[PDB]
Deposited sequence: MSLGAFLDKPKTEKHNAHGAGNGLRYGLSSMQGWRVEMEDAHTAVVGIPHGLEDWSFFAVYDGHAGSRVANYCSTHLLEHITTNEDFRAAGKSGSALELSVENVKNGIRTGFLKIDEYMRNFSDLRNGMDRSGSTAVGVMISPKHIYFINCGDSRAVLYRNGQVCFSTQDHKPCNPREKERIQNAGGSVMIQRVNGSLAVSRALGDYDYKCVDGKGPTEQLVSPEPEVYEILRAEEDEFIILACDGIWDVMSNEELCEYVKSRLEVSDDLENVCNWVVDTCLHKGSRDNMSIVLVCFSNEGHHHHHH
């Protein structure tokens, strides 16, 4: 932690495919910035009617977060499982596994970094929520929270079971008393258990994928990391954003307001939020 937070924001925004987005990231109280993001409206080479947005919360360095931000989408869309809902979901799963294996082979990783990843792939008919770690995506529809991804915490029943089966333990709500997420990309020190596949390791790169039919009543999706969700609940943040959209249509601005509000509520983390309005 710094003595004084770096409150400078990086912002971006864009529009297309019947969406508008804004985003904001801030280093905040932490000594390093290790978050990254992806915002693609109109996926090229065939997926022009689709969009993808993601937030990556890095730890023990930026290297994994940064690489995901510019390569995960490629890994998802170009594998043989991706190339129907079934196939999209498998393609996403395959992309996560292949990037985790690929990154492992870089000279610096053979660097101890890891990253969460949360995203949405938006098609003309479906939203695919994607989660790996304790970042979170939430959908607001018809004036209510409609959907939330499930945070991957070591204390969760099935996460604890896998961890125990891999010879670890959950102590102080952390993997072997150190890692505060039970799923992530990178973190290779937690993926060296003999006799276990990639998805059976102390920390798993397997994402959970939730597909949701799109509705005319869809209002917005929020993607943010635990530095936001730590101080605001799903309903609390949705209602906040809703109240801000009442006075501003500048999504960068709205996102900056969210981030500053969470800082004032005491969040000492790096923070990244992406707001996608329909």
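Q: Note down, first to last, the deposited-sequence stretches for which the model contains no C-alpha atom.
A: Absent from the structure are positions 1-5, 89-99, 127-129, 298-307.
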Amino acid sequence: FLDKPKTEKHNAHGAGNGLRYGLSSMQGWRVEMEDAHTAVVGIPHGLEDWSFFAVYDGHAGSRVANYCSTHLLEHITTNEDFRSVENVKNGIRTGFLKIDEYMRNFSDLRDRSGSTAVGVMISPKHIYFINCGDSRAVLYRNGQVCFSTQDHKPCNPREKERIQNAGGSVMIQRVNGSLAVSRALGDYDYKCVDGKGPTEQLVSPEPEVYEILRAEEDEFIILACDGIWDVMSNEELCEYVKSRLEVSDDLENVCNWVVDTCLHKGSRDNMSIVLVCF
From here on, numbers count along this sequence of modelled residues.
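Q: Using only the Cα atoms and their B-factors as the entry lists them, report which of 250-258 and 5-13 averages higher.
A: Higher of the two, by average CA B-factor, is 5-13.
Q: Per the record, averaged over C-alpha atoms, which has the higher B-factor: 161-169 or 129-137?
A: Of 161-169 and 129-137, the stretch with the higher C-alpha B-factor average is 161-169.
Q: Can you tell me which of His59, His45, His37, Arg244 has the maximum CA B-factor listed in the PDB entry?
A: Among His59, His45, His37, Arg244, the highest C-alpha B-factor in the entry belongs to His45.
Q: When the CA B-factors of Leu109, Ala117, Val203, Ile92 are compared as recorded in the entry, which is the largest?
A: Among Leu109, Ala117, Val203, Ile92, the highest C-alpha B-factor in the entry belongs to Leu109.
Q: Against its chain's modelled residues, does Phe96's Cα B factor rank lowest, middle or highest third?
A: As the PDB entry reports it, the C-alpha B-factor of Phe96 lands in the lowest third of its chain.
Q: Which third of the chain does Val55 land in by C-alpha B-factor: lowest, middle or highest?
A: Lowest third - that is where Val55 ends up once the chain's C-alpha B-factors are sorted.
Q: According to the PDB entry, is the CA B factor of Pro198 in the bottom, middle or top third of its chain, that is, lowest, middle or highest?
A: Middle third of the chain for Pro198's C-alpha B-factor.
Q: Would the CA B-factor of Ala215 place it in the lowest, middle or highest third of its chain?
A: As the PDB entry reports it, the C-alpha B-factor of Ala215 lands in the highest third of its chain.
Q: How does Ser24 rank on Cα B-factor within its chain, lowest, middle or highest third?
A: CA B-factor rank for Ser24: lowest third.
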